[PDB]
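Inspection log for the structure reproduced underneath, given as structure tokens.
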Amino acid sequence: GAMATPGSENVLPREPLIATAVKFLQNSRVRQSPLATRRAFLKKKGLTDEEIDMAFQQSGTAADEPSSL
Amino acid sequence: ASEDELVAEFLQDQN
């Protein structure tokens, strides 16, 4: 897929949502809450554990897949 | 909708 994620018809807005979750996880106030609380908050927002794991993975400064979110 | 309501709900509730 890379740039073109096969969604319902167009690209799936999964990446922009994960990007939003990364901003959330990098927030000072948010970082003060227990890990379980941060994950659960993202789950209630509609993200899956797979997407949350990806958000945590990109919340530092890394990119295992050469594309850069 | 913006994420502000959520973030604020988040740390205010888990404060």
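Please note that chains go A, B, ... in the order of the structure tokens, that every chain numbers its residues from 1, and that ligands are numbered from 1 in the order shown.
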
If we count only C-alpha atoms, which residues of chain A reach to within 8 Å of chain B? Please list them as an mmCIF file with C-alpha atoms, in the first residue's frame.
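To be explicit, this is the file written out as out_1.cif:
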```cif
data_model
loop_
_atom_site.group_PDB
_atom_site.id
_atom_site.type_symbol
_atom_site.label_atom_id
_atom_site.label_comp_id
_atom_site.auth_asym_id
_atom_site.auth_seq_id
_atom_site.Cartn_x
_atom_site.Cartn_y
_atom_site.Cartn_z
ATOM 1 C CA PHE A 24 -2.113 13.065 22.108
ATOM 2 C CA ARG A 29 -0.694 16.440 30.662
ATOM 3 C CA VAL A 30 -1.463 13.155 28.896
ATOM 4 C CA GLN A 32 1.180 12.196 33.423
ATOM 5 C CA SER A 33 -1.594 9.603 33.291
ATOM 6 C CA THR A 37 -5.360 5.127 31.031
ATOM 7 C CA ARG A 38 -3.706 6.502 27.855
ATOM 8 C CA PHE A 41 -8.585 6.712 26.248
#
```

### Query
Could you state the separation of CA of residue 43 in chain A and CA of residue 66 in chain A in Å, given to one decimal place?
26.8 Å

### Task
Determine which residues of range 1-63 of chain A DSSP labels as helix (DSSP H, G or I) from the backbone of this structure, then write them out as a PyMOL selection string.
chain A and resi 14-26+30-32+35-44+49-58

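The gap separating CA of residue 48 in chain A from CA of residue 27 in chain A is 20.1 Å, in Å to one decimal.
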